[PDB]
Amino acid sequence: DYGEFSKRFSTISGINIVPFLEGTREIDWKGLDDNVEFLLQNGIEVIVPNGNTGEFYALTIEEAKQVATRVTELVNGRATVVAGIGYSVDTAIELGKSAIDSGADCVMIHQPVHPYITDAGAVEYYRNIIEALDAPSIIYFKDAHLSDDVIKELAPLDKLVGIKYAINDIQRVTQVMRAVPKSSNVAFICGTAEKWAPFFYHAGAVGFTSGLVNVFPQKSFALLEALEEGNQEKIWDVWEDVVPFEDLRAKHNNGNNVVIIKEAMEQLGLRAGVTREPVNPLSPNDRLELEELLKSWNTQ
(Lines of atoms letter the chains of each structure in order from A and count residues from 1; the text may use other names and numbers.)
(Lines give C-alpha, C1' and ligand atoms only; values in the text may rest on other atoms or scores of the structure.)
Protein backbone atom coordinates (compact mmCIF):
# COMPACT_ATOMS: atom_id res chain seq x y z
CA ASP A 1 0.00 0.00 0.00
CA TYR A 2 2.54 2.66 1.10
CA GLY A 3 5.37 1.92 -1.29
CA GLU A 4 2.72 1.95 -4.03
CA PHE A 5 1.18 5.10 -2.63
CA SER A 6 4.41 7.06 -3.01
CA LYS A 7 4.27 6.27 -6.73
CA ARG A 8 1.36 8.65 -7.20
CA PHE A 9 3.69 11.63 -6.93
CA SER A 10 5.70 10.99 -10.08
CA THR A 11 3.77 13.76 -11.78
CA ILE A 12 2.71 17.36 -11.26
CA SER A 13 1.36 18.25 -7.82
CA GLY A 14 -1.06 21.05 -8.55
CA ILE A 15 -1.69 23.53 -5.78
CA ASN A 16 -5.08 25.14 -6.37
CA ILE A 17 -5.97 28.71 -5.49
CA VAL A 18 -8.84 29.86 -3.32
CA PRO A 19 -10.82 32.58 -5.11
CA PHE A 20 -11.97 35.41 -2.84
CA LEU A 21 -14.69 37.87 -3.75
CA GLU A 22 -13.62 41.45 -4.43
CA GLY A 23 -14.81 43.62 -1.54
CA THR A 24 -15.68 41.32 1.36
CA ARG A 25 -12.88 38.94 0.46
CA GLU A 26 -15.07 36.00 1.49
CA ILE A 27 -14.35 32.64 -0.16
CA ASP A 28 -15.87 32.36 -3.63
CA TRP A 29 -16.98 28.75 -3.46
CA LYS A 30 -18.23 28.64 -7.03
CA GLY A 31 -14.93 30.03 -8.25
CA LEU A 32 -13.14 27.44 -6.15
CA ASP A 33 -15.16 24.57 -7.66
CA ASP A 34 -14.36 25.91 -11.13
CA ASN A 35 -10.62 26.02 -10.43
CA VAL A 36 -10.66 22.42 -9.18
CA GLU A 37 -12.61 21.27 -12.27
CA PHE A 38 -10.22 23.25 -14.46
CA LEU A 39 -7.27 21.41 -12.94
CA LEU A 40 -8.83 17.94 -13.20
CA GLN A 41 -10.00 18.61 -16.75
CA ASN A 42 -6.46 19.54 -17.73
CA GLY A 43 -4.88 16.32 -16.52
CA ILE A 44 -3.93 17.13 -12.90
CA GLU A 45 -3.57 13.81 -11.03
CA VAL A 46 -2.56 15.28 -7.65
CA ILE A 47 -4.34 18.31 -6.14
CA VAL A 48 -3.08 20.10 -3.05
CA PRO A 49 -5.81 22.02 -1.20
CA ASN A 50 -4.60 24.35 1.56
CA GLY A 51 -1.17 24.82 0.01
CA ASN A 52 0.36 28.31 0.01
CA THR A 53 -1.02 28.91 -3.48
CA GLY A 54 -4.44 28.64 -1.85
CA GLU A 55 -3.39 31.25 0.71
CA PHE A 56 -3.75 28.72 3.54
CA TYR A 57 -2.44 31.13 6.15
CA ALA A 58 -5.02 33.79 5.19
CA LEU A 59 -7.80 31.39 6.15
CA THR A 60 -9.26 30.83 9.62
CA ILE A 61 -9.03 27.25 10.88
CA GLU A 62 -12.77 26.86 10.18
CA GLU A 63 -12.27 28.08 6.60
CA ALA A 64 -9.25 25.84 6.07
CA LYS A 65 -11.28 22.79 7.09
CA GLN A 66 -14.09 23.82 4.74
CA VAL A 67 -11.71 24.27 1.82
CA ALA A 68 -10.12 20.83 2.26
CA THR A 69 -13.57 19.20 2.61
CA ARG A 70 -14.95 21.07 -0.41
CA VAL A 71 -12.01 20.28 -2.69
CA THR A 72 -11.97 16.64 -1.56
CA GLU A 73 -15.69 16.08 -2.13
CA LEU A 74 -15.58 17.80 -5.53
CA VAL A 75 -12.62 15.70 -6.68
CA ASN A 76 -14.69 12.66 -5.71
CA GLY A 77 -11.65 10.43 -6.18
CA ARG A 78 -10.76 11.63 -9.70
CA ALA A 79 -7.29 12.52 -8.39
CA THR A 80 -5.11 12.13 -5.31
CA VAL A 81 -5.94 14.84 -2.76
CA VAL A 82 -3.20 16.08 -0.42
CA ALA A 83 -4.51 18.38 2.34
CA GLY A 84 -2.20 21.01 3.77
CA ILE A 85 -1.89 21.27 7.54
CA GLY A 86 0.30 23.24 9.94
CA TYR A 87 0.54 25.31 13.13
CA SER A 88 1.04 23.71 16.57
CA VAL A 89 1.19 19.93 16.92
CA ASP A 90 -2.38 19.51 18.12
CA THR A 91 -3.73 22.02 15.59
CA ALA A 92 -2.02 20.25 12.70
CA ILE A 93 -3.50 16.96 13.90
CA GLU A 94 -6.93 18.57 14.20
CA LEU A 95 -6.70 19.81 10.60
CA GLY A 96 -5.38 16.49 9.32
CA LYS A 97 -8.11 14.44 10.97
CA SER A 98 -10.71 16.80 9.53
CA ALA A 99 -9.32 16.45 6.01
CA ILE A 100 -8.91 12.67 6.27
CA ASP A 101 -12.46 12.33 7.62
CA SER A 102 -13.63 14.30 4.58
CA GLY A 103 -11.93 11.73 2.36
CA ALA A 104 -8.52 13.28 1.72
CA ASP A 105 -5.91 10.69 0.71
CA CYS A 106 -2.85 12.37 2.20
CA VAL A 107 -1.69 15.41 4.17
CA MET A 108 1.12 17.87 3.55
CA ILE A 109 2.90 19.27 6.59
CA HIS A 110 3.73 22.93 5.97
CA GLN A 111 7.01 24.42 7.09
CA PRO A 112 6.49 25.09 10.79
CA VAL A 113 5.61 28.78 11.34
CA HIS A 114 7.53 28.68 14.61
CA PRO A 115 10.40 31.20 14.58
CA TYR A 116 12.55 28.84 16.68
CA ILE A 117 13.30 25.29 15.56
CA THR A 118 16.08 22.70 15.83
CA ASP A 119 16.83 19.47 13.98
CA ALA A 120 15.96 17.32 16.99
CA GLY A 121 12.81 19.32 17.73
CA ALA A 122 11.83 19.16 14.06
CA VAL A 123 11.99 15.39 14.08
CA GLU A 124 9.73 15.25 17.15
CA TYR A 125 7.29 17.74 15.64
CA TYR A 126 7.04 15.77 12.38
CA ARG A 127 7.03 12.34 13.99
CA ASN A 128 4.29 13.31 16.45
CA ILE A 129 1.98 14.60 13.73
CA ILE A 130 2.60 11.77 11.25
CA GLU A 131 2.04 9.06 13.85
CA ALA A 132 -1.22 10.63 15.06
CA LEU A 133 -2.75 10.70 11.56
CA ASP A 134 -4.28 7.61 9.96
CA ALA A 135 -3.16 8.49 6.43
CA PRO A 136 0.14 9.07 4.59
CA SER A 137 2.10 12.30 5.06
CA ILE A 138 4.32 14.45 2.90
CA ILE A 139 6.72 17.03 4.32
CA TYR A 140 7.31 20.44 2.69
CA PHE A 141 11.02 21.04 3.44
CA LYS A 142 12.28 24.59 2.85
CA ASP A 143 14.39 25.66 5.86
CA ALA A 144 18.02 25.53 4.70
CA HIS A 145 19.04 26.02 8.36
CA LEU A 146 17.76 22.54 9.15
CA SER A 147 19.93 19.52 8.36
CA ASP A 148 18.80 16.99 5.75
CA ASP A 149 19.40 14.42 8.51
CA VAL A 150 15.89 15.32 9.66
CA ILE A 151 14.57 13.75 6.46
CA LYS A 152 16.89 10.74 6.68
CA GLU A 153 15.68 9.93 10.18
CA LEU A 154 12.00 10.21 9.21
CA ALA A 155 12.19 8.59 5.75
CA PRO A 156 11.90 5.04 7.19
CA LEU A 157 8.38 5.78 8.51
CA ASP A 158 5.79 4.00 6.36
CA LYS A 159 3.39 6.95 6.57
CA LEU A 160 6.04 9.32 5.23
CA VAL A 161 5.55 8.81 1.48
CA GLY A 162 7.09 12.01 0.16
CA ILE A 163 9.17 15.14 0.64
CA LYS A 164 8.47 18.31 -1.32
CA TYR A 165 12.05 19.51 -1.15
CA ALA A 166 12.09 23.29 -1.45
CA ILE A 167 15.71 24.26 -0.77
CA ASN A 168 17.25 25.36 -4.08
CA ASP A 169 20.67 23.94 -3.22
CA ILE A 170 21.39 21.44 -5.99
CA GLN A 171 24.27 19.94 -3.97
CA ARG A 172 22.03 19.15 -0.99
CA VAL A 173 19.19 17.89 -3.18
CA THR A 174 21.45 15.36 -4.88
CA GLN A 175 22.98 14.34 -1.55
CA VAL A 176 19.78 13.66 0.40
CA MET A 177 18.29 11.89 -2.60
CA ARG A 178 21.28 9.52 -2.73
CA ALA A 179 21.27 8.87 1.03
CA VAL A 180 17.66 7.74 1.33
CA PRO A 181 17.17 4.06 0.45
CA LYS A 182 14.55 3.23 -2.16
CA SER A 183 13.05 0.89 0.43
CA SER A 184 11.88 3.94 2.37
CA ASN A 185 9.29 4.53 -0.34
CA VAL A 186 9.74 8.29 -0.27
CA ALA A 187 8.86 10.33 -3.33
CA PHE A 188 11.15 13.34 -3.77
CA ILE A 189 9.24 16.18 -5.39
CA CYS A 190 10.70 19.53 -6.50
CA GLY A 191 8.82 21.93 -4.24
CA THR A 192 10.02 24.95 -6.19
CA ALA A 193 8.05 24.34 -9.40
CA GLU A 194 8.96 24.66 -13.10
CA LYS A 195 12.00 26.93 -12.80
CA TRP A 196 13.85 24.26 -10.81
CA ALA A 197 12.20 21.06 -11.99
CA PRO A 198 14.77 20.37 -14.77
CA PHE A 199 17.63 20.56 -12.27
CA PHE A 200 15.93 18.58 -9.52
CA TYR A 201 14.96 15.93 -12.07
CA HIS A 202 18.55 15.55 -13.26
CA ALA A 203 19.51 14.97 -9.63
CA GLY A 204 16.76 12.40 -9.15
CA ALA A 205 13.43 14.08 -8.31
CA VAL A 206 10.35 12.30 -9.67
CA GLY A 207 7.90 15.20 -9.76
CA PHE A 208 7.25 18.87 -9.08
CA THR A 209 4.68 21.20 -7.57
CA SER A 210 3.02 23.91 -9.65
CA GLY A 211 0.93 27.04 -9.46
CA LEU A 212 1.23 27.72 -13.18
CA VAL A 213 -1.18 24.86 -13.87
CA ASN A 214 -3.96 27.12 -12.60
CA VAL A 215 -3.48 29.24 -15.70
CA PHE A 216 -1.41 27.45 -18.39
CA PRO A 217 -1.36 23.73 -17.40
CA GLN A 218 -0.47 22.77 -20.97
CA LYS A 219 2.88 24.57 -20.67
CA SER A 220 3.48 22.82 -17.33
CA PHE A 221 2.59 19.39 -18.72
CA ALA A 222 4.78 20.12 -21.74
CA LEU A 223 7.71 20.26 -19.32
CA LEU A 224 6.69 17.12 -17.46
CA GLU A 225 6.50 15.24 -20.76
CA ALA A 226 9.85 16.60 -21.97
CA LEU A 227 11.37 15.63 -18.63
CA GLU A 228 9.93 12.12 -18.52
CA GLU A 229 11.09 11.45 -22.07
CA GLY A 230 14.58 12.92 -21.90
CA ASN A 231 14.38 15.51 -24.67
CA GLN A 232 16.95 17.98 -23.33
CA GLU A 233 16.26 20.62 -25.99
CA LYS A 234 12.50 20.49 -25.39
CA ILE A 235 13.04 20.65 -21.62
CA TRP A 236 15.11 23.83 -21.93
CA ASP A 237 12.76 25.38 -24.49
CA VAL A 238 9.72 24.97 -22.23
CA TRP A 239 11.78 25.90 -19.17
CA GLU A 240 12.93 29.10 -20.86
CA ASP A 241 9.32 29.83 -21.84
CA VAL A 242 7.85 29.65 -18.32
CA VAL A 243 10.67 31.02 -16.17
CA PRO A 244 9.55 34.59 -16.91
CA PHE A 245 6.24 33.76 -15.22
CA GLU A 246 7.94 32.17 -12.21
CA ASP A 247 10.34 35.09 -11.88
CA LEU A 248 7.40 37.52 -11.77
CA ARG A 249 5.83 35.47 -9.00
CA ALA A 250 9.11 35.60 -7.06
CA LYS A 251 9.27 39.41 -7.05
CA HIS A 252 9.26 41.22 -3.72
CA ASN A 253 10.56 38.19 -1.85
CA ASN A 254 7.74 36.11 -3.35
CA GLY A 255 5.09 38.63 -2.37
CA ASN A 256 3.72 38.42 -5.91
CA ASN A 257 3.46 34.62 -5.87
CA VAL A 258 -0.33 34.20 -5.77
CA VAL A 259 -1.49 37.66 -6.96
CA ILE A 260 0.39 37.06 -10.24
CA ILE A 261 -1.61 33.87 -10.80
CA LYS A 262 -4.96 35.45 -9.86
CA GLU A 263 -4.51 38.52 -12.07
CA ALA A 264 -3.26 36.38 -14.96
CA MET A 265 -6.33 34.17 -14.56
CA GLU A 266 -8.67 37.17 -14.48
CA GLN A 267 -7.11 38.48 -17.70
CA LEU A 268 -7.71 35.14 -19.40
CA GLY A 269 -11.33 35.23 -18.31
CA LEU A 270 -10.84 32.75 -15.48
CA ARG A 271 -12.53 33.28 -12.08
CA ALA A 272 -9.88 34.09 -9.47
CA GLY A 273 -10.88 37.25 -7.63
CA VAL A 274 -8.23 38.92 -5.48
CA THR A 275 -5.75 37.94 -2.79
CA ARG A 276 -6.39 38.43 0.92
CA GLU A 277 -4.24 40.53 3.21
CA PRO A 278 -1.24 40.75 3.51
CA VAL A 279 -1.13 40.86 -0.32
CA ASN A 280 -2.82 43.57 -2.37
CA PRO A 281 -3.21 43.84 -6.13
CA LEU A 282 -0.19 44.19 -8.39
CA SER A 283 1.58 47.52 -8.65
CA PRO A 284 1.03 49.32 -11.98
CA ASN A 285 4.57 48.47 -13.09
CA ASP A 286 4.19 44.81 -12.16
CA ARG A 287 0.80 44.64 -13.84
CA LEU A 288 2.32 46.11 -17.02
CA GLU A 289 5.05 43.47 -16.98
CA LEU A 290 2.44 40.71 -16.58
CA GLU A 291 0.29 41.99 -19.45
CA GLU A 292 3.49 42.19 -21.50
CA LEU A 293 4.36 38.56 -20.78
CA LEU A 294 0.80 37.41 -21.50
CA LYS A 295 0.83 39.41 -24.75
CA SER A 296 3.97 37.45 -25.66
CA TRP A 297 2.44 34.06 -24.88
CA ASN A 298 -0.58 34.96 -27.04
CA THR A 299 1.92 35.57 -29.89
CA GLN A 300 3.46 32.12 -29.53
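Residue positions are given as counts along the sequence shown, with the first one as 1.
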Higher of the two mean Cα B-factors (185 to 193, 86 to 94; per PDB record) comes from 185 to 193
Higher mean Cα B-factor in the deposited model: 75 to 83 or 111 to 119? 75 to 83
Highest CA B factor of 247, 55, 33, 241, as deposited, is found at 241
Per the PDB entry, which option out of 139, 129, 170, 155 has the greatest Cα B factor? 155
Please rank the C-alpha B-factors of the chain's modelled residues and tell me whether residue 180 sits in the lowest, middle or highest third. highest
Quick one: classify residue 259 as lowest, middle or highest third of the chain based on its Cα B-factor. lowest
Assigned third (lowest, middle, highest) for the C-alpha B factor of residue 64: lowest
Sorting the chain's modelled residues by C-alpha B-factor, tell me whether residue 288 ends up in the lowest, middle or highest third. middle
Residue 11 by Cα B-factor - lowest, middle or highest third of the modelled chain: middle
